[PDB]
């Protein structure tokens, strides 16, 4: 069921999990919760998500609580500004340290509590 896009395969889960249990599942399939590094990747992801909410690889790192990608793609604050839902990340209840794709729009991301269960998206490189 992996879907192909620009050199990567993507798994849109059928079972919901917490952010970390989702990441573990991804790692057990030689992948990671997905990073997003271009408008075209954001578009592919939210369109395929079809209006449902999916964990992606957004999580906090460092003392500052800077956003980061679990697959170790460097997080680009400037280039990623356009990808958040206006008002996010809002850190609601001061307990939102993971990120999902929520709205079917380029402005898609929301921060939400890591212990909440959602469907999730894994990303796995194709290596010829």
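Residue numbers count along the first chain shown, from 1.
Trainee: What stretch has the higher average Cα B-factor here, 87 to 95 or 43 to 51?
Mentor: That would be 87 to 95.
Trainee: Would 58 to 66 or 28 to 36 have the larger average of its C-alpha temperature factors, as given in the entry?
Mentor: According to the entry, 58 to 66 carries the higher average C-alpha B-factor.
Trainee: Within this chain's modelled residues, let me know which third the CA B factor of residue 124 belongs to: lowest, middle or highest.
Mentor: Its C-alpha B-factor, which the entry lists for residue 124, ranks in the highest third among residues of this chain.
Trainee: Should residue 110 be placed in the lowest, middle or highest third of its chain by the C-alpha B factor in the entry?
Mentor: Middle third - that is where residue 110 ends up once the chain's C-alpha B-factors are sorted.
Trainee: Quick check on the deposited entry: does the C-alpha B-factor of residue 100 sit in the lowest, middle or highest third of its chain?
Mentor: It belongs to the lowest third of the chain when residues are ordered by C-alpha B-factor.
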